[PDB]
Amino acid sequence: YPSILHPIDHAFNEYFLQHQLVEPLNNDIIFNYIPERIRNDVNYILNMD
Amino acid sequence: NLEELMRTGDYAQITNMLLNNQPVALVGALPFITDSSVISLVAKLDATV
Amino acid sequence: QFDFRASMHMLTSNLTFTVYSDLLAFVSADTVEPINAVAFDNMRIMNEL
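Protein chains in written order, with the entry's author numbering: chain V, 248 to 296; chain R, 741 to 789; chain H, 839 to 887.
Below, the structure is given as structure tokens:
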């Protein structure tokens, strides 16, 4: 999108745009988020429905 | 072994085999529906259970 | 002084996405019957039964 910004305002907004904290989320990430010793425990059945 | 499957509760193998149409034999005391309809057999209903 | 050339920028971002906080809400977790629960050595936790 076009924008009119002072160079300082542009610097701040461009830093916010270029350095966002969001990462892609997939089922592999969620699976690895579970503790690795609970994923390997046979007493717990974990599924991605 | 359906008994082992129910005890452990892990359906990964059975799900993989059913989704991939891999021939298998589910072994365990099971109740069954007796059907005398020829049209049901032609319709291949037994494979939909 | 306001210079249009120096102030006109193109801001680039993503069209849309959804941010999720509770990753573990995506995991369907069940547990075996307590009678059948086993310890790290693959034997039942309580064997006196």
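Cβ atoms here follow ideal geometry from the backbone N, Cα and C, with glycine treated the same way.
Supposed contact pair residue j and residue i - C-beta distance, whole angstroms, cut 8 Å
i: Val870 (chain H); j: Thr748 (chain R); result: 7 Å
i: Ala844 (chain H); j: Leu293 (chain V); result: In fact, because the Cβ distance is near 55 Å, the residues do not count as touching under 8 Å.
Coil, strand or helix - residue i by DSSP
i: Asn279 (chain V); result: helix
i: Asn756 (chain R); result: helix
i: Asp841 (chain H); result: coil
i: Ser777 (chain R); result: coil
i: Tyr291 (chain V); result: strand
i: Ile883 (chain H); result: coil
i: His266 (chain V); result: coil
i: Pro771 (chain R); result: coil
i: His257 (chain V); result: helix
i: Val764 (chain R); result: coil
i: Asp786 (chain R); result: helix
i: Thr748 (chain R); result: helix
i: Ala877 (chain H); result: coil
i: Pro271 (chain V); result: coil
Rounded straight-line distance, which links the Cα of residue j to that of residue i
i: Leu742 (chain R); j: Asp750 (chain R); result: 11 Å
i: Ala863 (chain H); j: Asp296 (chain V); result: 10 Å
i: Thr788 (chain R); j: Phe263 (chain V); result: 54 Å
i: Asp256 (chain V); j: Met846 (chain H); result: 12 Å
i: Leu252 (chain V); j: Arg286 (chain V); result: 50 Å
i: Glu886 (chain H); j: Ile873 (chain H); result: 11 Å
i: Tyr858 (chain H); j: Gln265 (chain V); result: 20 Å
i: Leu758 (chain R); j: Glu270 (chain V); result: 34 Å
i: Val782 (chain R); j: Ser776 (chain R); result: 12 Å
i: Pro254 (chain V); j: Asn290 (chain V); result: 59 Å
i: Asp275 (chain V); j: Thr774 (chain R); result: 44 Å
i: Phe840 (chain H); j: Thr854 (chain H); result: 33 Å
i: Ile281 (chain V); j: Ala752 (chain R); result: 18 Å
Inset, instruction - Give, in chain order, every residue of the region 748-767 of chain R whose Cβ lies closer than 7 Å to some Cβ of chain V. - result: Sequence-ordered contacts of the region 748-767 of chain R with chain V read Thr748, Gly749, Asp750 [C-beta pairs closer than 7 Å].
Legend entry - Positions along the region 848-867 of chain H whose CB lies within less than 8 Å of some CB in chain V: Against chain V - using a Cβ distance shorter than 8 Å - the residues of the region 848-867 of chain H are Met848, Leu849, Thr850, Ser851, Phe855, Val857, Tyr858, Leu861, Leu862, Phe864, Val865, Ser866, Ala867.
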